[PDB]
C-alpha cells in the first residue's frame, strides 16, 4: 500500500512484548516511518509440556499468521531477539519477507530445525560473550550467507548495546 511497510518484532523466551530490546526496535520503526507490532508469545513460552522452550511450533504458527496478514497489505520486515530471532528467520521461509533483523539468534533448536532464513537482506547483532549461543556458531551461519554481522562486547542479553542494536536495525530499514 501507501505505507513503506510493516515491522513484526518478536520477543525472546520468557520475555514479553514490552521487553527492552523489542521496545527499542519499535521506537526505531516508529521514527523511520514503518508501522510495527510486538506480538505476545508469553502463553506459548510457558508451555513446558511442549518442550524446554515451550510451544515453539505454536510460536512459529502464530508469527506465520501475523506475517502473512501483513504481507497482504504491503512489505514486511521480521525482527527478533534470541527465540524471537529463530522464529522470524524460520517464518521468512514461508512468507515473502523484505528483510530480516536478528539479535542473538540461536543456530540450534534441539529437535527442531536448525536456523535458516530466506535469501533476503539479513542483519545480525551478536554478543562476543554469549554464554548460550557461541559466537563462532553465529559467525559460521552468517559467513555461509554473507549476512551482515555486528559483534559487540556483551553477553546474550545485549543489555549494554540496546542503542547499537537499534542503530543496526535503523540502518537495515533505511536500506530498503
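Residue numbers count along the first chain shown, from 1.
- Between 151 to 159 and 10 to 18, it is 10 to 18 that carries the larger average Cα temperature factor according to the deposited entry.
- In this entry, the higher average B-factor at the C-alpha atoms falls on 19 to 27, of the pair 19 to 27 and 164 to 172.
- Of all the options 127, 63, 114, 139, the entry's greatest CA B-factor is assigned to 114.
- Of the candidates 134, 121, 58, 39, it is 58 whose Cα B-factor is highest according to the PDB record.
- For residue 85, the recorded CA B-factor ranks within the lowest third of the chain. Only modelled residues enter the ranking.
- For residue 93, the recorded CA B-factor ranks within the highest third of the chain. Only modelled residues enter the ranking.
- In the PDB entry, a CA B factor belonging to the lowest third of its chain's modelled residues is recorded for residue 143.
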